[PDB]
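Data from query-v1.cif: mmCIF, C-alpha atoms
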data_entry
#
loop_
_atom_site.label_atom_id
_atom_site.label_comp_id
_atom_site.auth_asym_id
_atom_site.auth_seq_id
_atom_site.Cartn_x
_atom_site.Cartn_y
_atom_site.Cartn_z
CA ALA A 1 20.62 -8.28 -11.68
CA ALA A 2 21.79 -11.15 -9.46
CA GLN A 3 22.82 -10.96 -5.79
CA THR A 4 24.66 -14.13 -4.82
CA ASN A 5 24.49 -15.58 -1.31
CA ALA A 6 21.43 -13.50 -0.55
CA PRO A 7 19.22 -14.00 2.52
CA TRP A 8 16.86 -16.88 1.82
CA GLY A 9 13.79 -14.63 1.77
CA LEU A 10 15.13 -12.44 -1.02
CA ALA A 11 16.02 -15.51 -3.05
CA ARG A 12 12.55 -16.91 -2.34
CA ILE A 13 10.70 -13.86 -3.65
CA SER A 14 12.43 -14.16 -7.04
CA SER A 15 12.07 -17.95 -7.35
CA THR A 16 9.47 -20.50 -8.37
CA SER A 17 11.14 -22.96 -5.94
CA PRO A 18 12.47 -22.95 -2.38
CA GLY A 19 16.06 -23.85 -1.67
CA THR A 20 18.03 -21.35 -3.74
CA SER A 21 20.26 -18.52 -2.54
CA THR A 22 20.54 -15.95 -5.36
CA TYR A 23 18.17 -12.96 -5.55
CA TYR A 24 17.25 -11.85 -9.10
CA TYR A 25 15.67 -8.47 -9.75
CA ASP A 26 15.45 -5.65 -12.27
CA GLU A 27 18.24 -3.13 -11.72
CA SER A 28 15.74 -0.26 -11.41
CA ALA A 29 15.46 -1.60 -7.84
CA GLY A 30 12.64 0.69 -6.68
CA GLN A 31 14.42 3.91 -7.67
CA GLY A 32 12.00 6.83 -7.58
CA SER A 33 9.65 5.13 -5.08
CA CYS A 34 9.36 5.80 -1.35
CA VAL A 35 8.62 3.45 1.55
CA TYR A 36 7.55 4.68 4.98
CA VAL A 37 8.50 2.34 7.82
CA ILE A 38 6.09 3.06 10.68
CA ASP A 39 7.81 1.44 13.63
CA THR A 40 10.46 2.02 16.34
CA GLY A 41 12.55 4.23 14.02
CA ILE A 42 15.44 3.58 11.62
CA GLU A 43 19.18 3.83 12.29
CA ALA A 44 19.66 5.87 9.13
CA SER A 45 23.45 6.07 9.61
CA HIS A 46 23.79 2.31 9.03
CA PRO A 47 26.13 1.82 6.03
CA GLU A 48 23.56 -0.60 4.59
CA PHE A 49 21.17 2.31 3.88
CA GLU A 50 23.69 4.31 1.80
CA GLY A 51 22.14 7.68 2.68
CA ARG A 52 18.71 6.62 1.35
CA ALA A 53 17.08 6.43 4.80
CA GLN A 54 15.95 9.30 7.00
CA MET A 55 13.75 9.85 10.02
CA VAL A 56 10.85 12.19 9.27
CA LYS A 57 8.71 11.99 12.42
CA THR A 58 8.76 10.82 16.03
CA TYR A 59 6.25 11.02 18.88
CA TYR A 60 8.94 10.45 21.57
CA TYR A 61 12.03 12.19 22.97
CA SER A 62 14.18 10.89 20.12
CA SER A 63 13.72 9.77 16.55
CA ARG A 64 16.50 7.21 17.00
CA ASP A 65 15.73 3.49 16.95
CA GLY A 66 16.70 2.33 20.44
CA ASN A 67 15.13 -1.10 19.83
CA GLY A 68 16.28 -2.50 16.47
CA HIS A 69 12.91 -3.73 15.18
CA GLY A 70 12.30 -0.76 12.87
CA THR A 71 15.86 -0.87 11.56
CA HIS A 72 15.48 -4.58 10.77
CA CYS A 73 12.21 -4.03 8.90
CA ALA A 74 13.64 -1.06 6.99
CA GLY A 75 16.61 -3.22 6.04
CA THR A 76 14.31 -5.83 4.50
CA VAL A 77 12.51 -3.12 2.51
CA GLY A 78 15.55 -1.38 1.13
CA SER A 79 19.05 -2.06 2.47
CA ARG A 80 21.79 -2.75 -0.08
CA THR A 81 22.40 -6.35 1.09
CA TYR A 82 19.22 -7.33 2.94
CA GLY A 83 16.59 -5.38 0.99
CA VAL A 84 14.05 -6.15 -1.71
CA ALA A 85 14.05 -2.64 -3.27
CA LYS A 86 17.70 -1.65 -3.04
CA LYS A 87 17.30 1.88 -4.47
CA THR A 88 14.07 3.04 -2.79
CA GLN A 89 13.93 6.02 -0.44
CA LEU A 90 13.16 5.04 3.16
CA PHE A 91 11.28 7.33 5.57
CA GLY A 92 11.04 6.47 9.26
CA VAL A 93 8.02 7.34 11.42
CA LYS A 94 8.60 6.42 15.08
CA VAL A 95 5.21 5.47 16.54
CA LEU A 96 6.67 2.74 18.80
CA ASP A 97 8.89 3.40 21.81
CA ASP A 98 12.23 1.71 22.38
CA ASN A 99 10.47 -1.20 24.10
CA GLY A 100 8.49 -1.74 20.88
CA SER A 101 5.17 -0.50 22.31
CA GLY A 102 2.84 2.28 21.23
CA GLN A 103 -0.61 3.62 21.98
CA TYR A 104 -3.20 3.25 19.25
CA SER A 105 -3.76 7.03 19.29
CA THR A 106 -0.08 7.56 18.39
CA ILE A 107 -0.18 4.85 15.71
CA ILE A 108 -3.27 6.45 14.15
CA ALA A 109 -1.59 9.86 14.16
CA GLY A 110 1.42 8.32 12.44
CA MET A 111 -0.72 6.86 9.65
CA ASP A 112 -2.47 10.18 9.04
CA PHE A 113 0.98 11.81 9.11
CA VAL A 114 2.17 9.62 6.22
CA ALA A 115 -0.97 10.30 4.17
CA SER A 116 -0.11 14.02 4.29
CA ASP A 117 3.69 13.88 4.44
CA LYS A 118 4.02 12.06 1.12
CA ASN A 119 3.02 15.41 -0.45
CA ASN A 120 6.30 16.80 0.94
CA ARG A 121 8.44 14.09 -0.68
CA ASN A 122 9.55 13.21 -4.21
CA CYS A 123 8.14 9.77 -5.03
CA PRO A 124 7.33 9.84 -8.76
CA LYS A 125 7.04 6.04 -8.93
CA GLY A 126 4.71 5.82 -5.91
CA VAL A 127 4.48 5.49 -2.15
CA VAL A 128 4.30 2.46 0.16
CA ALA A 129 3.87 2.16 3.93
CA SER A 130 5.07 -0.86 5.94
CA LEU A 131 3.33 -1.47 9.30
CA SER A 132 4.98 -4.30 11.25
CA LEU A 133 2.77 -3.69 14.27
CA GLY A 134 -0.67 -4.37 15.67
CA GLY A 135 -2.86 -5.29 18.60
CA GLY A 136 -6.46 -6.24 19.28
CA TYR A 137 -9.33 -5.24 17.01
CA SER A 138 -9.98 -1.50 16.77
CA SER A 139 -12.29 0.07 14.21
CA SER A 140 -10.41 3.37 14.57
CA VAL A 141 -7.05 1.74 13.81
CA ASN A 142 -8.54 -0.04 10.79
CA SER A 143 -10.11 3.21 9.58
CA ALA A 144 -6.75 4.99 9.80
CA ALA A 145 -5.12 2.26 7.70
CA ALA A 146 -8.00 2.53 5.22
CA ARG A 147 -7.51 6.31 4.97
CA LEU A 148 -3.79 5.91 4.37
CA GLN A 149 -4.49 3.42 1.56
CA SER A 150 -7.24 5.62 0.09
CA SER A 151 -4.83 8.58 0.00
CA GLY A 152 -2.66 6.77 -2.56
CA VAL A 153 -0.25 4.71 -0.42
CA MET A 154 0.22 0.96 -0.78
CA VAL A 155 -0.32 -0.16 2.84
CA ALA A 156 1.22 -3.48 3.91
CA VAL A 157 0.46 -4.69 7.46
CA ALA A 158 1.57 -7.65 9.55
CA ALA A 159 -1.00 -10.39 10.13
CA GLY A 160 0.23 -10.92 13.69
CA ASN A 161 2.09 -13.64 15.57
CA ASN A 162 -0.68 -15.36 17.56
CA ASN A 163 -1.24 -18.48 15.39
CA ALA A 164 -4.84 -17.25 15.29
CA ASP A 165 -7.39 -15.75 12.94
CA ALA A 166 -6.24 -12.22 12.03
CA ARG A 167 -9.87 -10.99 11.99
CA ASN A 168 -9.38 -10.18 15.69
CA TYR A 169 -6.32 -7.92 15.22
CA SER A 170 -5.74 -4.42 13.86
CA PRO A 171 -4.72 -3.13 11.41
CA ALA A 172 -4.44 -6.75 10.13
CA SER A 173 -8.24 -7.08 9.87
CA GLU A 174 -8.77 -3.99 7.68
CA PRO A 175 -10.01 -5.35 4.31
CA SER A 176 -8.65 -2.55 2.11
CA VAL A 177 -4.95 -2.92 3.06
CA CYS A 178 -2.52 -5.74 2.27
CA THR A 179 -2.34 -8.18 5.22
CA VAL A 180 0.82 -10.30 5.23
CA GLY A 181 1.35 -13.74 6.79
CA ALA A 182 4.74 -15.40 7.31
CA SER A 183 6.41 -18.49 5.80
CA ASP A 184 9.69 -20.33 6.38
CA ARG A 185 12.51 -21.45 4.10
CA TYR A 186 10.83 -24.83 3.48
CA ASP A 187 7.58 -23.20 2.31
CA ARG A 188 5.74 -23.98 5.55
CA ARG A 189 3.45 -21.49 7.25
CA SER A 190 5.52 -19.99 10.06
CA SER A 191 4.55 -21.56 13.38
CA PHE A 192 3.42 -18.22 14.86
CA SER A 193 1.77 -16.73 11.76
CA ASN A 194 -1.82 -15.62 12.00
CA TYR A 195 -4.16 -16.85 9.25
CA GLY A 196 -7.72 -16.34 8.03
CA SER A 197 -9.71 -14.88 5.17
CA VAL A 198 -8.36 -11.36 5.80
CA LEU A 199 -4.84 -12.36 4.74
CA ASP A 200 -3.90 -11.32 1.22
CA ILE A 201 -0.43 -12.81 0.83
CA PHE A 202 2.46 -14.59 2.56
CA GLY A 203 6.08 -13.50 2.64
CA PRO A 204 9.30 -14.84 4.18
CA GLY A 205 9.13 -14.42 7.95
CA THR A 206 11.13 -17.13 9.76
CA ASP A 207 14.87 -16.57 10.32
CA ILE A 208 15.22 -13.33 8.34
CA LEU A 209 18.65 -11.68 8.31
CA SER A 210 18.62 -7.87 8.15
CA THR A 211 20.13 -4.71 9.61
CA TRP A 212 20.17 -3.96 13.34
CA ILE A 213 21.13 -1.01 15.52
CA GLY A 214 24.75 -0.32 16.33
CA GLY A 215 25.64 -0.83 12.68
CA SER A 216 25.05 -4.57 13.04
CA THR A 217 22.91 -7.38 11.60
CA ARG A 218 20.84 -10.22 13.02
CA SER A 219 18.28 -12.84 12.08
CA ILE A 220 14.82 -12.70 13.72
CA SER A 221 11.34 -14.04 12.96
CA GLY A 222 7.82 -12.67 12.72
CA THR A 223 5.06 -11.44 10.50
CA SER A 224 6.91 -8.16 11.13
CA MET A 225 9.65 -9.58 8.86
CA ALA A 226 7.28 -10.81 6.15
CA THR A 227 5.52 -7.43 5.83
CA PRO A 228 8.58 -5.45 4.59
CA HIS A 229 9.25 -8.12 1.94
CA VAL A 230 5.82 -7.29 0.51
CA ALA A 231 6.26 -3.52 1.00
CA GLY A 232 9.60 -3.60 -0.82
CA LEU A 233 8.13 -5.79 -3.55
CA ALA A 234 5.32 -3.27 -4.09
CA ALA A 235 7.82 -0.41 -4.37
CA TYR A 236 9.88 -2.44 -6.85
CA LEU A 237 6.84 -3.29 -9.00
CA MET A 238 5.57 0.30 -8.92
CA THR A 239 8.96 1.56 -10.13
CA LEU A 240 8.67 -0.93 -13.00
CA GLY A 241 5.27 0.56 -13.85
CA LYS A 242 3.54 -2.81 -13.49
CA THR A 243 1.05 -1.68 -10.84
CA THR A 244 -0.06 1.27 -8.67
CA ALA A 245 -0.52 1.89 -4.96
CA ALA A 246 -4.26 1.18 -5.23
CA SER A 247 -3.81 -2.07 -7.18
CA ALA A 248 -0.47 -3.48 -5.94
CA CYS A 249 -1.81 -5.87 -3.30
CA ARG A 250 -4.14 -7.42 -5.85
CA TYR A 251 -1.35 -7.55 -8.43
CA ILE A 252 0.98 -9.28 -5.96
CA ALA A 253 -1.76 -11.82 -5.25
CA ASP A 254 -2.42 -12.24 -9.01
CA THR A 255 1.25 -12.96 -9.71
CA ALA A 256 2.10 -14.93 -6.55
CA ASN A 257 3.36 -18.48 -6.36
CA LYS A 258 0.13 -20.40 -5.74
CA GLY A 259 -0.52 -23.54 -3.74
CA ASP A 260 3.10 -24.06 -2.68
CA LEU A 261 2.86 -23.49 1.10
CA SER A 262 2.14 -26.19 3.66
CA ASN A 263 -0.02 -25.94 6.80
CA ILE A 264 -2.27 -23.26 5.30
CA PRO A 265 -5.67 -23.58 7.04
CA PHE A 266 -8.70 -24.18 4.87
CA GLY A 267 -10.04 -20.76 3.90
CA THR A 268 -6.70 -18.89 4.00
CA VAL A 269 -5.01 -17.96 0.72
CA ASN A 270 -2.09 -20.14 -0.36
CA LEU A 271 -0.15 -17.35 -2.08
CA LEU A 272 3.55 -16.50 -1.70
CA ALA A 273 4.92 -13.14 -2.86
CA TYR A 274 6.89 -13.42 -6.10
CA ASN A 275 8.51 -10.77 -8.31
CA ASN A 276 8.13 -12.72 -11.60
CA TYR A 277 11.48 -11.34 -12.73
CA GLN A 278 12.81 -13.07 -15.83
CA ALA A 279 16.55 -12.40 -16.12
#
Once more with this new file: its structure as structure tokens, please.
Amino acid sequence: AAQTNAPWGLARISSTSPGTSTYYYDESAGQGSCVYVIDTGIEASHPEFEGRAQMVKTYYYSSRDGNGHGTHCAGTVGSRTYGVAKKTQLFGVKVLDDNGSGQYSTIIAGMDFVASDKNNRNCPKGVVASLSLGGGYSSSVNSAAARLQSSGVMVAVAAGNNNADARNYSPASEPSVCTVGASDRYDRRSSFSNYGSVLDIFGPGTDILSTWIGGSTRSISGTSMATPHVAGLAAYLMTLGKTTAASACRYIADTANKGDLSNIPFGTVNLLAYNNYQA
């Protein structure tokens, strides 16, 4: 399938070169997979989600996304126009308040929630969790991400936006999950992207158009935007049967575009997520 005039990041993940604008992908499109977006919520009524999104858990007075961040990330995973995996099922877990903040205890509870809740959902092709969040190093936060991964969920986490080594941030620094840095449309490391040996992969993260609250759209930047590209890619590849939740991060690294990014510090992987779809 071909989506013309796609957001640059979608075109990038199906291309061996920057500078194109059509997204190419297998029409299975993540059908039968599920992606949990652990964030500020999801505006599930947005026409872009087509009834495939729902809130399943909140730790606050509402499950609605009063911020926009979670809706944007969910849109990059799976919206019809802005999403990588256009037929996946999206489940929202609101661990962040409408200012975008959350206590680590709540975030940990949300990860353990997903590890159990997937047993209440129909995801025959597999389960992914997208975590566009983080703070300073916490062994308990890393352990929760490791449990979620161990339970059979492909966990993708943001590297962070500090232009620093991600070893000092959580859950970015957990070795067993997929830690995602950000790139721009010219294949440069995004100016804010964290780096370091704990990164597994880069995805598009500068000037990413996606869904927003109020039935709208906007373009924003962050490792928060790169992470759902990788989460959606995992769901797409799992639906194709090419990989599993336990092996998808490694498979994405195996099949990435290699050595094409600029300003990658010595010791950080130079790997850009790529779907290897041959039309």
Selection: 9 Å around stretch 262-268 of chain A, only C-alpha atoms, excl. self and same-chain fewer than 4 positions, as a list in words: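 What passes the distance filter is residues 186, 187, 188, 189, 190, 195, 196, 197, 198, 199 and 200 of chain A.
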All residues 7 Å or closer to stretch 135-152 of chain A, only C-alpha atoms, same chain fewer than 4 positions away omitted, as a list in words: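 After dropping sequence-adjacent residues, the list is residues 104, 108, 111, 112, 115, 168, 169, 170, 171, 174, 176, 177, 245 and 246 of chain A.
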Where does the PyMOL selection byres ((chain A and resi 248) around 9) land in this file, that is, which residues does it pick, as a tab-separated table (two decimals) with C-alpha atoms, in the coordinates of the input?
chain	number	residue	atom	x	y	z
A	154	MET	CA	0.22	0.96	-0.78
A	178	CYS	CA	-2.52	-5.74	2.27
A	234	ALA	CA	5.32	-3.27	-4.09
A	235	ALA	CA	7.82	-0.41	-4.37
A	237	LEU	CA	6.84	-3.29	-9.00
A	238	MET	CA	5.57	0.30	-8.92
A	242	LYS	CA	3.54	-2.81	-13.49
A	243	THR	CA	1.05	-1.68	-10.84
A	244	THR	CA	-0.06	1.27	-8.67
A	245	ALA	CA	-0.52	1.89	-4.96
A	246	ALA	CA	-4.26	1.18	-5.23
A	247	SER	CA	-3.81	-2.07	-7.18
A	249	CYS	CA	-1.81	-5.87	-3.30
A	250	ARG	CA	-4.14	-7.42	-5.85
A	251	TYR	CA	-1.35	-7.55	-8.43
A	252	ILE	CA	0.98	-9.28	-5.96
A	253	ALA	CA	-1.76	-11.82	-5.25
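Atom CA of residue A:275 is found 15.9 Å from atom CA of residue A:87.
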Residues selected by the PyMOL selection byres ((chain A and resi 182) around 8), written as number ranges by chain: A: 180-181, 183-184, 189-190, 193, 202-206, 222-223, 225-226
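The space between atom CA of residue A:12 and atom CA of residue A:76 spans 13.1 Å.
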Using the incomplete input, complete stretch 58-88 of chain A to the level of N, CA and C atoms; output as a short mmCIF file (atom, residue, chain, number, x, y, z; two decimals), keeping the file's coordinate frame.
data_model
loop_
_atom_site.label_atom_id
_atom_site.label_comp_id
_atom_site.auth_asym_id
_atom_site.auth_seq_id
_atom_site.Cartn_x
_atom_site.Cartn_y
_atom_site.Cartn_z
N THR A 58 8.82 11.62 14.81
CA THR A 58 8.76 10.82 16.03
C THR A 58 7.73 11.43 16.96
N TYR A 59 7.17 10.58 17.83
CA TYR A 59 6.25 11.02 18.88
C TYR A 59 6.88 10.93 20.27
N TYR A 60 8.19 10.71 20.34
CA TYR A 60 8.94 10.45 21.57
C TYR A 60 10.14 11.39 21.64
N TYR A 61 10.92 11.26 22.73
CA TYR A 61 12.03 12.19 22.97
C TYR A 61 13.13 12.11 21.92
N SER A 62 13.19 11.02 21.17
CA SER A 62 14.18 10.89 20.12
C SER A 62 13.52 10.24 18.92
N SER A 63 14.08 10.50 17.76
CA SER A 63 13.72 9.77 16.55
C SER A 63 14.61 8.55 16.34
N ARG A 64 15.61 8.35 17.18
CA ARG A 64 16.50 7.21 17.00
C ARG A 64 15.79 5.91 17.34
N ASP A 65 16.20 4.84 16.66
CA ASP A 65 15.73 3.49 16.95
C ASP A 65 16.58 2.94 18.09
N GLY A 66 16.04 2.95 19.31
CA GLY A 66 16.70 2.33 20.44
C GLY A 66 16.33 0.88 20.66
N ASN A 67 15.59 0.28 19.72
CA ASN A 67 15.13 -1.10 19.83
C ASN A 67 15.82 -2.01 18.83
N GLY A 68 15.76 -1.67 17.54
CA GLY A 68 16.28 -2.50 16.47
C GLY A 68 15.21 -2.98 15.51
N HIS A 69 13.99 -3.17 16.00
CA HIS A 69 12.91 -3.73 15.18
C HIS A 69 12.68 -2.92 13.91
N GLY A 70 12.55 -1.59 14.04
CA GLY A 70 12.30 -0.76 12.87
C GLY A 70 13.45 -0.77 11.89
N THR A 71 14.68 -0.80 12.41
CA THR A 71 15.86 -0.87 11.56
C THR A 71 15.90 -2.18 10.79
N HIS A 72 15.50 -3.28 11.44
CA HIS A 72 15.48 -4.58 10.77
C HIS A 72 14.46 -4.58 9.64
N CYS A 73 13.25 -4.09 9.92
CA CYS A 73 12.21 -4.03 8.90
C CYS A 73 12.62 -3.13 7.74
N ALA A 74 13.17 -1.95 8.05
CA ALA A 74 13.64 -1.06 6.99
C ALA A 74 14.71 -1.73 6.14
N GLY A 75 15.58 -2.50 6.78
CA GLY A 75 16.61 -3.22 6.04
C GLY A 75 16.04 -4.21 5.04
N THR A 76 14.95 -4.89 5.42
CA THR A 76 14.31 -5.83 4.50
C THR A 76 13.63 -5.10 3.35
N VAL A 77 13.08 -3.91 3.60
CA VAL A 77 12.51 -3.12 2.51
C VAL A 77 13.60 -2.74 1.51
N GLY A 78 14.70 -2.16 2.01
CA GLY A 78 15.55 -1.38 1.13
C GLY A 78 17.04 -1.28 1.42
N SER A 79 17.60 -2.09 2.31
CA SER A 79 19.05 -2.06 2.47
C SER A 79 19.75 -2.68 1.26
N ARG A 80 21.02 -2.29 1.08
CA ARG A 80 21.79 -2.75 -0.08
C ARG A 80 21.93 -4.28 -0.10
N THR A 81 22.20 -4.90 1.06
CA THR A 81 22.40 -6.35 1.09
C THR A 81 21.12 -7.10 1.44
N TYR A 82 20.33 -6.58 2.37
CA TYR A 82 19.22 -7.33 2.94
C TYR A 82 17.87 -6.92 2.38
N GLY A 83 17.83 -5.98 1.44
CA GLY A 83 16.59 -5.38 0.99
C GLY A 83 16.07 -5.86 -0.35
N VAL A 84 14.75 -5.80 -0.47
CA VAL A 84 14.05 -6.15 -1.71
C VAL A 84 14.23 -5.06 -2.77
N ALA A 85 14.06 -3.79 -2.37
CA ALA A 85 14.05 -2.64 -3.27
C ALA A 85 15.26 -1.78 -2.92
N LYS A 86 16.40 -2.13 -3.52
CA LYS A 86 17.70 -1.65 -3.04
C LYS A 86 17.98 -0.20 -3.38
N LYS A 87 17.12 0.47 -4.14
CA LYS A 87 17.30 1.88 -4.47
C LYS A 87 16.12 2.75 -4.05
N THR A 88 15.18 2.22 -3.26
CA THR A 88 14.07 3.04 -2.79
C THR A 88 14.55 4.05 -1.75
#
